[PDB]
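Chains as they are written, first to last, in the numbering used here: chain S, 1 to 43; chain F, 1 to 427; chain G, 1 to 428; chain Y, 1 to 426; chain R, 1 to 426; chain P, 1 to 68.
As structure tokens, the structure follows; a few thoughts come after it.
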Amino acid sequence: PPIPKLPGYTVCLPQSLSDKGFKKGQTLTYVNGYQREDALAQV
Amino acid sequence: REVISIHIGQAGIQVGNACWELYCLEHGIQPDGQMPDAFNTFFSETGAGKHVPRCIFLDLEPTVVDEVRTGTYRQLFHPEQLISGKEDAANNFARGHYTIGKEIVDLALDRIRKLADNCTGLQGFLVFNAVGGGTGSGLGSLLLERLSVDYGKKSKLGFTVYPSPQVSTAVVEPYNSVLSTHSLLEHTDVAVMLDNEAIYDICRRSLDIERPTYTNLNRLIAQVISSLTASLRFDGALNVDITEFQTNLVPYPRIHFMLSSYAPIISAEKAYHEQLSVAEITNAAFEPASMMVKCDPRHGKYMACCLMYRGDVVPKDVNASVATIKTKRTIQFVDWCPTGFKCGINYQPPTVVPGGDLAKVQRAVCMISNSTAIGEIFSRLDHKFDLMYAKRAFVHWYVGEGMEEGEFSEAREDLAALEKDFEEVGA
Amino acid sequence: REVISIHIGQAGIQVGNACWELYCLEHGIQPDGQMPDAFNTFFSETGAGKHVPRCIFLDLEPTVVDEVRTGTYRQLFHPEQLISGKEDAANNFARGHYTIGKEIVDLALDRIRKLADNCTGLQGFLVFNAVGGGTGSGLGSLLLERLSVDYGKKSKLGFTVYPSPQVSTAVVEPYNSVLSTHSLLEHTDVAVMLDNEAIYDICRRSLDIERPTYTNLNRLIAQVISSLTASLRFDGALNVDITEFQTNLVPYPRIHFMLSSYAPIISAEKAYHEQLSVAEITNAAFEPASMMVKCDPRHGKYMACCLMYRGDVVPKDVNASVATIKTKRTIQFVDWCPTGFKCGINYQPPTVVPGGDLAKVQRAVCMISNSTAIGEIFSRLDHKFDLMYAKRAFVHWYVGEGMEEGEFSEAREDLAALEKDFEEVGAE
Amino acid sequence: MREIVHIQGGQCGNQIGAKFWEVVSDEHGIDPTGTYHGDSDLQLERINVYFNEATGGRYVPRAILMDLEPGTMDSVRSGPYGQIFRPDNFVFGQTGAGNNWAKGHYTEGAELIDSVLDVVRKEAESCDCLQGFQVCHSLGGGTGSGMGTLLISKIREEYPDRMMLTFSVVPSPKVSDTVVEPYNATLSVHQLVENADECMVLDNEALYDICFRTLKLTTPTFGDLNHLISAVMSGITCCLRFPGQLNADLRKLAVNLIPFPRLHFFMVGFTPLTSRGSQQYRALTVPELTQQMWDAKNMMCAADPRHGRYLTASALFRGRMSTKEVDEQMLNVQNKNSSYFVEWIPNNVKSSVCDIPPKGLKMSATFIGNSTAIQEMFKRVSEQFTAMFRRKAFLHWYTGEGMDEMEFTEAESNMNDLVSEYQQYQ
Amino acid sequence: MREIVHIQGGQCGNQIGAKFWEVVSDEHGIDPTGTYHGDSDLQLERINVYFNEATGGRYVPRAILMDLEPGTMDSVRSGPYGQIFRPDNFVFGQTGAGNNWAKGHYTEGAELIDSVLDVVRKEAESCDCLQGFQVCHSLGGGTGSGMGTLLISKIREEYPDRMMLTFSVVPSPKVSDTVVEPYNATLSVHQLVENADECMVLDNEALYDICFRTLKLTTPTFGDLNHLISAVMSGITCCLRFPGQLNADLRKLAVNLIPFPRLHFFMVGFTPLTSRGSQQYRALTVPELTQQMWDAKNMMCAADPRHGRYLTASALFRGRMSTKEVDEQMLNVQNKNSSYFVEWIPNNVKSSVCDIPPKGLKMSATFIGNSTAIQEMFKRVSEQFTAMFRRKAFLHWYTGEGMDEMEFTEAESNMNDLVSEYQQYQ
Amino acid sequence: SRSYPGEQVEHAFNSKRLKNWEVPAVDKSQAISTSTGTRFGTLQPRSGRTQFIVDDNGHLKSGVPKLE
Ligand SMILES: Nc1nc2c(ncn2[C@@H]2O[C@H](COP(=O)(O)OP(=O)(O)OP(=O)(O)O)[C@@H](O)[C@H]2O)c(=O)[nH]1
Ligand SMILES: Nc1nc2c(ncn2[C@@H]2O[C@H](COP(=O)(O)OP(=O)(O)OP(=O)(O)O)[C@@H](O)[C@H]2O)c(=O)[nH]1
Ligand SMILES: Nc1nc2c(ncn2[C@@H]2O[C@H](COP(=O)(O)OP(=O)(O)O)[C@@H](O)[C@H]2O)c(=O)[nH]1
Ligand SMILES: Nc1nc2c(ncn2[C@@H]2O[C@H](COP(=O)(O)OP(=O)(O)O)[C@@H](O)[C@H]2O)c(=O)[nH]1
Ligand SMILES: [Mg+2]
Ligand SMILES: [Mg+2]
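Now the structure itself:
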């Protein structure tokens with residue numbers, strides 16, 4: 001069951017033939033400000 | 001990374017009427033306005049559990065607007081996001097550009113300013129209008145002019161609906177279209193044409209709908225917009241944002257007119273019947289029987305191409321396809337661009353609307369190219385402007401509204417310079 | 001390795017109907033499109049459990065195409081391939097080559113384009129048409145011209161149906177056949193003749209049907225096509241692809257007209273009667289009473305011969321039979337061709353279609369040869385063409401539809417030059 | 001001790017680096033939570049080069065993810081090994097580049113590079129002895145090439161004494177991703193030949209060729225391409241992280257490979273690469289490795305070395321091997337191909353051996369050949385550049401942002417005399 | 001030590017190769033799955049000449065299958081002993097020559113031979129000391145004759161000091177498969193007489209007569225003919241793989257057979273070949289082997305030796321035999337039929353003995369006689385070639401591929417002065 | 001547009017291998033002026049700086065010739 005990390009060993013399932021969906025979340029975003037803006041990193 | 005979409009006129013807000021239905025269906029938002037964070041590019045989250053779109057439907061006739069206010073999406077759209085005049089513009093560019101604009105546009109741009117202030121990572125604007133109307137053309141041009149002086153450097157993706165060569169629902173629309181273009185030159189950053197005749201052709205050929213209404217047109221145009229904004233919304237193996245088309249497709253500051261296409265537009269029968277791979281849909285995206293603008297790119301030479309991909313696409317086959325297309329000679333580029341493509345890949349497959357006529361396909365392609373057949377379109381359009389204006393027809397209405405007669409002369413010579421541009425640039 | 005089929009006309013798509021029923025039977029594909037990888041040369045497995053053929057039926061009259069659209073194989077073919085016009089070309093080469101062809105042929109070839117794009121190891125094209133009719137002749141020739149300018153060097157097997165000498169259904173079909181052959185000369189790589197009177201005689205004599213319809217003709221034609229593509233489909237002890245007839249049968253770049261024949265065409269009780277063995281079936285594949293073209297090769301000299309074998313056959317006995325044929329002096333080969341044969345062997349025996357008239361057999365032969373009897377046929381045709389042309393009968397139709405007299409004259413003299421060519425080639 | 005500060009610019013750099021830190025963490029036995037879980041205590045002794053201990057077995061990478069759009073960053077943070085990066089190291093813009101080298105080097109760099117420099121400086125004096133910097137980016141895009149280039153120039157101005165690697169993918173004409181590929185590539189190469197210490201060219205065509213001929217995959221997603229490049233980067237730095245019979249550091253490799261200060265564009269390879277269908281039919285011997293090494297189908301660059309001469313080369317072997325077979329194989333391959341090796345340099349091959357193979361293998365290798373056939377690639381780029389620049393296509397989105405035409409003309413002269421001197425030494 | 005790499009060209013070549021590797025594989029006792037299952041130790045030490053131990057008892061053949069269509073490859077891959085080849089050694093194309101020598105030598109070879117050369121070169125440098133190359137092809141087909149011919153030319157250009165065997169089948173008019181047989185044969189022989197070291201001429205007509213008269217088989221399939229040819233090839237190189245009292249390598253047989261560099265077309269036989277009903281009434285003595293070996297009705301060519309002079313001859317014997325009986329039989333056969341041997345060479349027979357018979361038999365033999373009756377077959381082809389070429393039949397196919405007419409004139413000149421020099425030494 | 005030699009991958013980018021199956025575009029491949037002349041070859045080295053053929057906004061200057 002353990003398998004090496006070498007190139008080409010693992011073939012991932014396409015996951016798009018299934019209805020999964022790949023919405024990406026804004027975990028990095030700026031904070032409302034004028035000239036000065038602060039970056040925010042969340043969990 | 002948020003993009004706000006403004007809709008001008010009868011066609012504009014009817015395309016957005018289908019587009020926003022697609023958006024709510026893609027992000028799982030109820031027509032109430034709450035889910036049962038990728039939505040953040042379209043829906044602002046107000047208070048607690050309430051999503052209000054980033055758009056402005058503006059028009060002069062209150063009919064279709066308050067129809068929206070009374071329809072299914074009463075609660076979704078913000079009460080004041082829908083802006084509506086009192087009297088129509090009536091297919092009259094001057095009437096919609098000088099008489100009615102001077103009171104509606106200052107309220108509109110004041111509104112859009114506080115939408116941009118609520119925004120955080122504004123990517124750009126994307127506008128929806130038809131140049132046949134007086135509302136879409138007149139104050140559409142006035143709004144774009146005052147937007148360019150307001151922000152300027154941010155992109156304004158314009159998805160316009162130009163009049164068809166023979167299928168037409170107006171008489172003065174050559175006058176309107178020419179006078180709208182004369183300002184769409186130096187204001188719009190990237191302008192995409194959409195002819196209703198070519199979409200009628202596609203609805204007949206592929207979806208085999210013998211009697212389509214405007215809704216099927218609006219529905220598949222929404223599919224196209226969703227397919228070229230999917231990179232912003234969902235993550236892909238090779239994503240490409242809004243401000244990219246500005247750099248990859250416009251080789252000259254006055255040559256920005258893009259022939260859109262899409263593939264696969266397919267019915268529920270032929271989808272079950274045909275194997276849909278990346279090779280044939282890359283071919284099918286180039287066949288002029290599947291373009292959204294009635295022209296013949298074989299009659300011209302391509303300038304630059306952009307290929308948005310959705311669904312199950314691994315890079316090997318899209319690159320192998322681009323290779324095949326480069327080896328074929330039924331299509332040929334201009335002698336400038338040895339790197340004539342812009343590939344883009346997104347993971348998510350296109351969604352279906354219950355009641356729509358498109359089948360669910362695992363993959364899709366949206367091609368936004370540039371050629372000289374658009375220079376053929378403007379020549380045909382300028383001929384039937386030349387016919388009517390030689391006899392001073394209909395000029396009385398425009399002069400009464402307030403346009404000086406010269407506007408006509410300089411708009412005609414501006415198109416003439418545009419013909420020279422395509423003729424020399426293609427050399 | 002794939003090969004695609006295009007059918008031009010009434011006869012074209014009826015023969016194709018027979019052929020595709022046959023192919024489904026040979027590959028075990030139920031008519032609804034799925035089995036209950038040899039098929040990959042004819043059907044492309046779409047999705048999961050669905051096979052669509054590599055073919056297009058194109059025709060101008062909508063009747064027979066709609067008949068296919070509502071027949072049993074509604075699910076097999078898929079409705080984007082069956083190209084159907086609105087009004088016929090009506091036995092008129094001009095109407096089918098200038099008036100209606102110039103609107104239908106672009107859609108036709110632009111469908112062929114993406115069929116070939118789906119293809120991977122394309123062996124060649126094969127066209128099915130009867131040159132007597134209007135569409136199959138006229139826009140058949142138009143499609144072949146534009147297909148050759150699109151592809152050029154690829155093999156295009158043309159299984160054409162010429163009008164029989166004395167039994168005929170039309171009147172202007174001599175004009176049609178001449179004007180079709182004038183382009184079939186310089187655009188077809190390998191052209192196979194199939195008259196109908198010879199097939200009628202076969203069905204009368206061997207299969208002892210005294211009143212045959214077109215289904216039997218098309219069925220045995222489909223058997224012939226299956227026999228010459230079984231080398232691509234199934235493994236043989238000595239296989240041969242499609243591009244080989246291109247090389248081994250046409251000595252000169254204008255002489256490609258091949259008499260086809262088949263054996264054993266034998267009914268069930270006669271199969272109970274006679275033992276089937278390679279020697280006698282090879283002998284049977286050489287008499288005029290078993291050729292598909294009503295001509296007598298006794299009067300001709302063989303230029304070359306290709307022999308496809310199917311079923312339970314070993315090479316030793318085909319060697320023996322070819323030897324004894326070369327020893328017998330009833331038939332003679334041309335002077336400058338000493339090695340006039342080409343054998344080919346395939347393992348799978350020909351199948352039977354239920355309700356068909358041919359009995360199942362251990363082995364069979366399909367000969368595609370070349371002689372000068374065809375040079376006889378073309379003169380027999382030029383005679384009755386000049387008959388009607390001397391008084392300018394029926395010429396007003398073509399001239400009004402868009403040709404002129406120069407094209408008639410040049411086709412006539414081209415066939416005359418072809419006659420001279422056959423004479424000089426037969427001359428030792 | 002010797003430290004490698006890893007910098008990832010742009011989309012290509014961010015995704016390759018995502019797989020890169022996956023592979024490195026797997027080699028050192030660090031779980032995706034951030035704790036050590038290895039077996040042999042060889043893996044402790046050399047994680048200072050790539051990690052910093054935070055709190056009780058919490059090892060965080062020494063990497064800086066820099067770009068303009070969070071899209072790539074969120075694709076990174078989604079997958080596994082995503083919660084190990086330090087949130088202060090996500091220096092980050094908000095506008096977007098748009099395949100515009102000028103926007104990535106003049107308009108947005110001028111407000112972002114200051115904060116990037118603050119982060120990379122803090123991460124520089126955090127450690128004791130810098131071995132060098134290591135940037136992975138692209139040459140077609142804007143936010144990778146332009147911003148990465150300005151960072152390279154500023155860093156080389158600040159710390160000029162330490163080494164510097166640039167893993168950069170290059171454009172090909174048939175995988176023509178962007179339309180302004182030559183306008184970006186030519187300008188970036190013009191910057192790399194005076195700022196980068198040594199450059200390793202990569203191309204997607206050579207990667208596809210590897211994945212389909214050697215690997216014989218069916219669906220080579222970008223995960224595998226980024227995995228190939230990751231294995232190459234790991235094989236480069238292997239000799240620092242694990243003890244060997246013949247140690248070869250980065251500076252040691254640079255002084256053996258770069259004969260002249262401008263000839264530092266290396267084409268890279270990696271071995272063994274075999275399909276899972278043919279992993280049963282082969283053996284694992286040093287000759288079988290080196291035969292796969294010097295094969296033209298195993299380079300990761302779209303330039304056939306057989307069209308030119310090898311100037312110098314290097315082989316980094318991993319695993320318990322015999323140095324007699326190592327040197328004999330390098331000597332044989334040098335005598336047998338007497339035409340493809342330059343004449344005025346004897347013993348054109350540097351070799352080294354480390355005693356720790358990658359997990360799951362017995363013996364691996366990494367090839368770094370400083371050939372001369374790279375001038376064909378620069379011909380290919382420069383020719384396209386002149387094709388567009390003669391008629392001024394797409395130029396105004398650069399001219400309007402500050403750039404002049406002389407930068408393009410200077411980019412041409414440096415590309416053209418560089419290919420001139422490659423042709424001279426050939 | 002000594003190595004023989006195998007090349008199979010075309011349909012006939014590929015099916016001969018499949019049976020040949022099936023015969024060798026149980027000659028050395030290895031199962032079709034690729035592991036050893038024999039009993040004696042004498043099978044182990046001499047499989048370096050044909051196989052490579054891969055990993056844990058996996059012996060793969062040292063062969064390069066080569067053609068243009070997958071029909072022959074799949075016919076090979078279907079049957080048993082078909083899953084032993086390495087998939088990297090299968091070089092195939094998507095077109096097909098179609099018995100067009102011009103296609104097999106100018107158009108398709110132009111894009112396949114590069115990869116064929118890379119695989120044969122890899123399979124030649126994987127070993128230490130080449131003994132020779134061994135090709136099996138036809139002289140009628142296109143992808144076998146034409147490409148096999150081009151490959152022979154390129155190989156002999158590269159490796160001129162190593163041996164080279166060509167098992168080529170030639171046609172007859174009674175067994176006349178291709179219509180352009182003379183156009184293929186004449187051009188291919190025109191190449192084989194300046195490139196191939198020696199050619200062992202086979203033909204199917206004689207094989208049919210052998211399975212008709214001698215074996216008394218009812219229905220001889222191609223499998224049995226291919227089994228005859230493989231037993232011949234096994235008998236040729238038994239001395240390399242097994243110890244004998246008098247050894248004879250391929251180069252040793254070459255120098256003993258070929259008196260002049262152009263006279264290297266050998267006719268071949270094999271014994272014992274007896275019907276299963278008549279195996280009971282015979283004995284097993286060296287006289288019983290030679291009486292069947294020297295029969296004109298047992299040569300595998302359509303050249304009756306009593307029509308001409310035996311220039312030289314060779315006999316390879318297998319089994320525990322007494323050399324006094326071997327050499328005395330060779331002397332007697334030479335003394336009785338004394339007019340059929342050339343006068344100016346005494347003791348025209350090379351002879352050698354190996355101690356290991358084929359499994360199941362007690363004694364076997366293989367005959368390689370270089371006679372001057374082979375000019376019968378070359379004239380039998382040359383007259384057909386000039387018969388067609390007077391009328392220029394079938395010529396457009398060859399001319400269109402870029403071949404001119406002077407290539408045909410040179411081919412016929414080489415054929416004519418060659419048979420002129422056989423007639424001289426007869 | 002032109003397709004340049006890849007020198008490693010053109011063996012895989014032959015049109016016939018890409019399922020083109022038609023007579024391919026060799027216009028794009030002759031405009032290169034490679035050394036061998038075929039698609040397998042090496043380009044020519046270029047030196048100097050390229051002057052401006054075109055005027056501003058993409059209009060050919062009067063001196064340079066063009067196809068009408
Ligand atoms: N694609 C599309 N076009 C539409 C639709 N409804 C109207 N149009 C187009 O509208 C054009 C005429 O202008 P309209 O959009 O009706 O009017 P307007 O732009 O609001 O301007 P006014 O009529 O002066 O108020 C025609 O070219 C129509 O084809 C629709 O649902 N879809
Ligand atoms: N072998 C065979 N020949 C047929 C068949 N049906 C029609 N034909 C021949 O076709 C010739 C005339 O052409 P048709 O096929 O009838 O019609 P067409 O070719 O489509 O031409 P149009 O009538 O103008 O449309 C006649 O000589 C018939 O003998 C058939 O089922 N089998
Ligand atoms: N190997 C690999 N290459 C990539 C990946 N994403 C993009 N690229 C390459 O990046 C090139 C374009 O650079 P781009 O992504 O626009 O860089 P950026 O926009 O400045 O960050 C293309 O040629 C791609 O081949 C990836 O995930 N893996
Ligand atoms: N001995 C033998 N000869 C064969 C076999 N199959 C074909 N041939 C010979 O091959 C010749 C034809 O060559 P061909 O196979 O078409 O060559 P290719 O087309 O270039 O691969 C004929 O003369 C046959 O006698 C076989 O199984 N055994
Ligand atoms: Mg309106
Ligand atoms: Mg008809």
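Every residue, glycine too, gets a C-beta built ideally from N, C-alpha and C.
Inset, instruction - Using 7 Å as the cut-off, classify the Cβ of residue 68 of chain P as near or not near the heavy atoms of ligand 1, replying yes or no. - result: Within the sixth sequence, numbered from 1, the residue matching residue 68 of chain P stands at position 68. Residue 68 of chain P Cβ: outside cutoff for every heavy atom of ligand 1.
Legend entry - Span separating the alpha-carbon of residue 426 of chain G from that of residue 205 of chain Y: Numbered from 1 along the third sequence, position 426 holds the residue referred to as residue 426 of chain G. Numbered from 1 along the fourth sequence, position 205 holds the residue referred to as residue 205 of chain Y. Roughly 57 Å separates the two Cα atoms.
Inset, instruction - Express the C-alpha separation of residue 196 of chain Y and residue 169 of chain Y in angstroms, rounding to a whole number. - result: Here the question's residue 169 of chain Y lines up with position 169 in the fourth sequence. Here the question's residue 196 of chain Y lines up with position 196 in the fourth sequence. Roughly 15 Å between the two C-alpha positions.
Legend entry - One or two residues paired with residue 203 of chain G in a DSSP bridge: Counted from its first residue, the third sequence places residue 203 of chain G at position 203. Bridge pairing for residue 203 of chain G: absent [DSSP].
Inset, instruction - With a 10 Å radius around its C-beta and 16 neighbouring C-beta atoms as the bar for buried, classify residue 370 of chain G as buried or exposed. - result: Position 370 of the third sequence holds residue 370 of chain G. Result: buried.
Inset, instruction - Determine the extent of the alpha helix (DSSP H) in which residue 260 of chain R is found, giving its start and end residues. - result: As a first step, residue 260 of chain R must be located in the fifth sequence, where it is residue number 260. In the DSSP assignment, residue 260 of chain R falls outside any alpha helix (DSSP H) and carries neither an H nor an E.
Legend entry - Contact test: residue 161 of chain F Cβ vs ligand 1 heavy atom, cutoff 7 Å: One-based indexing of the second sequence puts residue 161 of chain F at position 161. Answer for residue 161 of chain F: yes, Cβ within range of ligand 1.
Legend entry - Pairwise C-alpha distance: residue 355 of chain G and residue 17 of chain G: Numbered from 1 along the third sequence, position 17 holds the residue referred to as residue 17 of chain G. Numbered from 1 along the third sequence, position 355 holds the residue referred to as residue 355 of chain G. Take the alpha-carbon of residue 17 of chain G and the one of residue 355 of chain G: they are about 15 Å apart.
Legend entry - Chain-ordered chain P contacts of residue 120 of chain G [CB-CB under 7 Å]: Here residue 120 of chain G refers to the residue found at position 120 when the third sequence is read from its first residue. Under the 7 Å cutoff, chain P gives 19.
Legend entry - Closer than 7 Å: residue 402 of chain F CB and nearest ligand 5 heavy atom: For this step, residue 402 of chain F is matched to residue 402 along the second sequence. For ligand 5, not one heavy atom lies less than 7 Å from the Cβ of residue 402 of chain F.
Legend entry - CA nearest to the CA of residue 209 of chain G, picked from G:154, G:265, G:38: Locating residue 209 of chain G in the third sequence gives position 209, counting from the first residue. That would be G:265, whose Cα lies nearest to the Cα of residue 209 of chain G.
Inset, instruction - Tell me, please, whether the CB atom of residue 349 of chain G is closer than 8 Å to any CB atom in chain R? - result: Along the third sequence, read from residue 1 onward, the residue named residue 349 of chain G stands at position 349. No, because no Cβ of chain R sits closer than 8 Å to the Cβ of residue 349 of chain G.
Legend entry - Spatial neighbours of residue 261 of chain G in its chain, beta-carbon cut-off 7 Å, leaving aside the 5 residues before and after: Position 261 of the third sequence, counting from 1, holds the residue named residue 261 of chain G. Same-chain partners within the cutoff: 285, 290, 291, 292, 367.
Legend entry - Distance cut-off 7 Å: residue 38 of chain S Cβ against heavy atoms of ligand 5: Within the first sequence, numbered from 1, the residue matching residue 38 of chain S stands at position 38. Not under cutoff, so the answer is no.
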